[PDB]
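As provided, start29.pdb (PDB, C-alpha atoms (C1' of nucleotides)) reads as follows.
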ATOM      1  CA  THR A   3     -31.605  -3.328  16.852
ATOM      2  CA  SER A   4     -28.170  -1.867  16.171
ATOM      3  CA  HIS A   5     -26.658  -4.586  18.382
ATOM      4  CA  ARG A   6     -26.960  -8.137  17.085
ATOM      5  CA  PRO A   7     -25.814 -11.694  17.795
ATOM      6  CA  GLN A   8     -23.294 -13.507  15.637
ATOM      7  CA  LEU A   9     -24.567 -15.420  12.617
ATOM      8  CA  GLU A  10     -21.242 -16.681  11.269
ATOM      9  CA  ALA A  11     -17.616 -15.834  11.897
ATOM     10  CA  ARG A  12     -15.318 -13.556   9.947
ATOM     11  CA  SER A  13     -13.739 -16.221   7.766
ATOM     12  CA  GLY A  14     -10.001 -16.564   7.449
ATOM     13  CA  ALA A  15     -10.402 -16.590   3.668
ATOM     14  CA  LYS A  16     -10.923 -12.843   3.943
ATOM     15  CA  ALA A  17      -7.680 -12.569   5.917
ATOM     16  CA  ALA A  18      -5.815 -14.849   3.497
ATOM     17  CA  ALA A  19      -6.891 -12.718   0.542
ATOM     18  CA  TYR A  20      -5.556  -9.465   2.021
ATOM     19  CA  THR A  21      -1.986  -8.602   1.260
ATOM     20  CA  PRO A  22       0.029  -8.198   4.476
ATOM     21  CA  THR A  23       1.684  -5.084   5.805
ATOM     22  CA  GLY A  24       4.932  -5.582   7.637
ATOM     23  CA  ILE A  25       4.190  -4.566  11.208
ATOM     24  CA  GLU A  26       6.827  -6.204  13.386
ATOM     25  CA  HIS A  27       4.821  -6.914  16.528
ATOM     26  CA  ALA A  28       6.139  -6.760  20.076
ATOM     27  CA  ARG A  29       5.579 -10.491  20.618
ATOM     28  CA  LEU A  30       6.585 -11.959  17.240
ATOM     29  CA  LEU A  31      10.144 -10.909  18.069
ATOM     30  CA  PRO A  32      12.347 -14.039  17.899
ATOM     31  CA  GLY A  33      12.220 -15.927  21.173
ATOM     32  CA  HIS A  34      12.375 -19.583  22.203
ATOM     33  CA  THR A  35      14.157 -20.188  18.918
ATOM     34  CA  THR A  36      15.185 -23.758  19.805
ATOM     35  CA  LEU A  37      12.816 -26.695  19.481
ATOM     36  CA  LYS A  38      13.500 -29.347  22.094
ATOM     37  CA  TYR A  39      13.416 -32.960  20.926
ATOM     38  CA  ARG A  40      12.565 -36.090  22.883
ATOM     39  CA  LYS A  41      14.771 -39.188  23.312
ATOM     40  CA  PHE A  42      14.146 -41.294  20.190
TER
ATOM     41  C1'   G B   1      48.884  10.261 -18.524
ATOM     42  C1'   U B   2      52.990   6.491 -16.075
ATOM     43  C1'   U B   3      56.193   2.653 -17.658
ATOM     44  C1'   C B   4      58.641  -1.157 -21.071
ATOM     45  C1'   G B   5      60.803  -2.027 -26.191
ATOM     46  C1'   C B   6      62.193   0.147 -31.113
ATOM     47  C1'   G B   7      63.091   3.759 -34.920
ATOM     48  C1'   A B   8      63.996   8.867 -36.636
ATOM     49  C1'   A B   9      65.960  14.131 -35.771
ATOM     50  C1'   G B  10      68.735  17.843 -32.944
ATOM     51  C1'   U B  11      73.707  15.024 -33.773
ATOM     52  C1'   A B  12      79.946  12.020 -37.428
ATOM     53  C1'   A B  13      77.173  13.588 -29.499
ATOM     54  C1'   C B  14      76.011   5.710 -25.715
ATOM     55  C1'   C B  15      74.752  13.079 -22.209
ATOM     56  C1'   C B  16      69.823  15.122 -22.765
ATOM     57  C1'   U B  17      65.382  16.517 -25.251
ATOM     58  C1'   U B  18      61.799  16.161 -29.289
ATOM     59  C1'   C B  19      58.897  13.298 -32.958
ATOM     60  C1'   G B  20      56.869   8.696 -34.620
ATOM     61  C1'   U B  21      55.711   3.529 -33.409
ATOM     62  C1'   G B  22      54.205  -1.718 -30.907
ATOM     63  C1'   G B  23      52.841  -3.407 -25.810
ATOM     64  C1'   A B  24      51.247  -3.034 -20.633
ATOM     65  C1'   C B  25      48.770  -0.410 -16.549
ATOM     66  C1'   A B  26      43.066   1.935 -16.782
ATOM     67  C1'   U B  27      37.278  -0.523 -19.432
ATOM     68  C1'   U B  28      30.447   0.486 -19.979
ATOM     69  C1'   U B  29      27.806   4.806 -14.164
ATOM     70  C1'   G B  30      23.057   6.480 -13.163
ATOM     71  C1'   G B  31      17.421   6.240 -13.298
ATOM     72  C1'   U B  32      10.331   2.022 -10.543
ATOM     73  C1'   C B  33      12.204   8.502  -9.815
ATOM     74  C1'   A B  34      11.392  15.138 -15.082
ATOM     75  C1'   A B  35      11.206  21.102 -12.219
ATOM     76  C1'   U B  36       3.956  24.438  -9.546
ATOM     77  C1'   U B  37      -2.130  23.084 -11.908
ATOM     78  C1'   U B  38      -4.347  18.202 -15.215
ATOM     79  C1'   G B  39      -2.818  11.145 -11.867
ATOM     80  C1'   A B  40      -5.857  12.693  -6.971
ATOM     81  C1'   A B  41      -3.561  13.305   1.106
ATOM     82  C1'   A B  42      -6.804  15.055   4.633
ATOM     83  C1'   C B  43      -8.156  18.890   7.940
ATOM     84  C1'   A B  44      -9.953  23.564   8.203
ATOM     85  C1'   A B  45     -13.625  27.847   6.170
ATOM     86  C1'   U B  46     -19.884  28.274   5.987
ATOM     87  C1'   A B  47     -24.494  26.717   7.918
ATOM     88  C1'   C B  48     -27.414  23.382  10.807
ATOM     89  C1'   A B  49     -27.927  19.643  14.154
ATOM     90  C1'   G B  50     -25.841  17.734  18.541
ATOM     91  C1'   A B  51     -25.307  10.457  20.994
ATOM     92  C1'   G B  52     -27.601   3.049  21.912
ATOM     93  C1'   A B  53     -31.524   0.863  24.723
ATOM     94  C1'   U B  54     -36.819   4.511  26.300
ATOM     95  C1'   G B  55     -40.395   8.444  30.036
ATOM     96  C1'   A B  56     -35.488  10.784  30.989
ATOM     97  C1'   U B  57     -29.724  10.773  32.001
ATOM     98  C1'   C B  58     -26.068   7.318  30.853
ATOM     99  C1'   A B  59     -21.248   3.030  31.907
ATOM    100  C1'   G B  60     -20.245  -0.442  28.552
ATOM    101  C1'   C B  61     -18.135  -5.151  26.234
ATOM    102  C1'   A B  62     -19.198  -7.504  21.848
ATOM    103  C1'   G B  63     -20.738  -9.303  16.624
ATOM    104  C1'   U B  64     -21.105  -8.371  10.671
ATOM    105  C1'   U B  65     -18.609  -5.206   7.230
ATOM    106  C1'   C B  66     -16.059  -5.304  -0.112
ATOM    107  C1'   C B  67     -15.572   1.553   6.641
ATOM    108  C1'   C B  68     -11.410   2.804   8.790
ATOM    109  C1'   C B  69      -8.469   6.355  12.093
ATOM    110  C1'   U B  70      -4.996   7.429  16.518
ATOM    111  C1'   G B  71      -1.882   3.942  18.541
ATOM    112  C1'   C B  72       4.743   0.508  19.067
ATOM    113  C1'   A B  73       0.885  -2.891  19.772
ATOM    114  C1'   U B  74      -2.159  -9.118  19.786
ATOM    115  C1'   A B  75      -3.159  -3.473  24.818
ATOM    116  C1'   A B  76      -6.187   0.779  24.698
ATOM    117  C1'   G B  77      -8.981   4.793  22.628
ATOM    118  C1'   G B  78     -12.008   6.809  18.618
ATOM    119  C1'   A B  79     -20.341   8.340  20.318
ATOM    120  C1'   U B  80     -21.055   1.149  22.755
ATOM    121  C1'   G B  81     -15.347   4.205  16.597
ATOM    122  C1'   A B  82     -19.031   4.912  12.192
ATOM    123  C1'   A B  83     -22.952   1.877   8.703
ATOM    124  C1'   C B  84     -26.811  -2.259  11.414
ATOM    125  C1'   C B  85     -33.318  -0.446  11.897
ATOM    126  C1'   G B  86     -34.275  -0.528   5.107
ATOM    127  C1'   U B  87     -37.516  -3.336   1.860
ATOM    128  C1'   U B  88     -40.064  -8.200   2.911
ATOM    129  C1'   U B  89     -44.798 -13.337  -1.841
ATOM    130  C1'   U B  90     -43.199 -19.628  -5.357
ATOM    131  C1'   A B  91     -38.138 -25.887  -2.024
ATOM    132  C1'   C B  92     -46.519 -24.259  -2.286
ATOM    133  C1'   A B  93     -49.196 -29.025  -1.734
ATOM    134  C1'   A B  94     -53.431 -32.286  -0.221
ATOM    135  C1'   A B  95     -58.627 -33.427   0.897
ATOM    136  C1'   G B  96     -63.762 -31.755   0.432
ATOM    137  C1'   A B  97     -67.800 -28.747  -1.414
ATOM    138  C1'   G B  98     -70.589 -25.864  -4.816
ATOM    139  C1'   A B  99     -70.965 -22.486  -9.556
ATOM    140  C1'   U B 100     -69.163 -22.701 -14.895
ATOM    141  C1'   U B 101     -67.020 -24.305 -20.648
ATOM    142  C1'   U B 102     -67.748 -29.429 -23.309
TER
END
Represent the structure from my file as structure tokens, please.
Amino acid sequence: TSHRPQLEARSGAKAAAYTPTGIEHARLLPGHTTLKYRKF
RNA sequence: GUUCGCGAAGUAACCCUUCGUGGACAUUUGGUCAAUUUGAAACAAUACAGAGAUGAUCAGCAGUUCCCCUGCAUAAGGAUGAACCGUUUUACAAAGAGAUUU
């Protein structure tokens, strides 16, 4: 019984309460830094 | 200290030097931090066991977590990374029947 289904999810409140560490990820490097706009 | 201006001495010397004076140039660093225990690292040393499904031997991927580690990492690995199993009583009623106090 050590393996179980999921009752509820790990809430993002618990991730919003943690203070961040600055780990510059390999994909959050700046890229596609221009937003294209439509005609109007 | 350098320079500009003035005075006084050497000195009855427009040369030079000294002394005294006013100005200008120059204007507030460094420390979250003290040099062995007593403001905290963890491994290793001893000893014993020695893995999740059950009859055995195992591949795992997951989930929860007020557990993290190695990792550049949103990859991957850490025993499926580890703890998970443990207790377990009231949103509490209604109908009917008999035995009791008055």
Could you list, as a list in words, every residue of chain B that has an atom within 7 Å of an atom of chain A, counting only C-alpha atoms (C1' of nucleotides)?
residues 63, 73, 84 and 85 of chain B
Need to verify the contact set: stretch 15-28 of chain B, 10 Å, all atoms listed in the file, exclusion of same-chain residues closer than 6 positions in sequence. Can you return it as a list in words?
residues 2, 3, 4, 5, 6, 7, 8 and 9 of chain B
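Between atom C1' of residue B:66 and atom CA of residue A:20 lies a distance of 11.5 Å.
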Apply the PyMOL selection byres ((chain B and resi 51) around 9) to the structure shown and report the selected residues as a list in words.
residues 50, 52 and 79 of chain B
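For the atom pair formed by atom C1' of residue B:49 and atom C1' of residue B:81, the distance is 20.1 Å, given to one decimal.
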